[PDB]
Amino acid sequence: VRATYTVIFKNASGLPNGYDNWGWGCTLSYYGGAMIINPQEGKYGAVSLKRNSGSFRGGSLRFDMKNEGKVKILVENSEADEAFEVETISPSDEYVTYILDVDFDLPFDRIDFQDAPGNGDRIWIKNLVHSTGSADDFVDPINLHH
């Protein structure tokens, strides 16, 4: 089957078009094309990118991230009140591109980036894309565009 790629955002100057942030305990800013999340210490803050209409199903999530502390990646189904941890990512000083399988058995309409250690470490995200296909079959439209 042909995979469907959905670019949520490439360079960000604000929240992605068609998305809200249903997170807590962070302030967000935008510079260099990154969504810059500054969690508040003690809050275990998260951005929870909420798709205003419709849902994704399985597949994979791709994004560029750099991060001062561990970052937990999750997805949620709002109607079902269920969250699913996808991955925890170690600190990195430089952007890394991740492509991760989403093994959640339900559709998801939120994607979360959470300050796992709760110590307020900043998180920088660019180039967030969903594919209906697997992480291994991902043909990256961001790098192709370059």
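A residue's number is simply how far along the shown sequence it sits, counting from 1.
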| remark: Once average C-alpha B-factors are taken from the entry for 31-39 and 86-94, the winner is 86-94
| field | Residue stretch of maximal mean CA temperature factor, 76-84 vs 113-121 | value | 76-84
| request: Could you tell me which third, lowest, middle or highest, the C-alpha B-factor of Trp24 occupies within its chain? | output: lowest
| task | Could you say whether, by C-alpha temperature factor, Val7 belongs to the lowest, middle or highest third of its chain? | result | lowest
| task | Could you tell me which third, lowest, middle or highest, the C-alpha B-factor of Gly45 occupies within its chain? | result | middle
| Assigned third (lowest, middle, highest) for the C-alpha B factor of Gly58 | middle
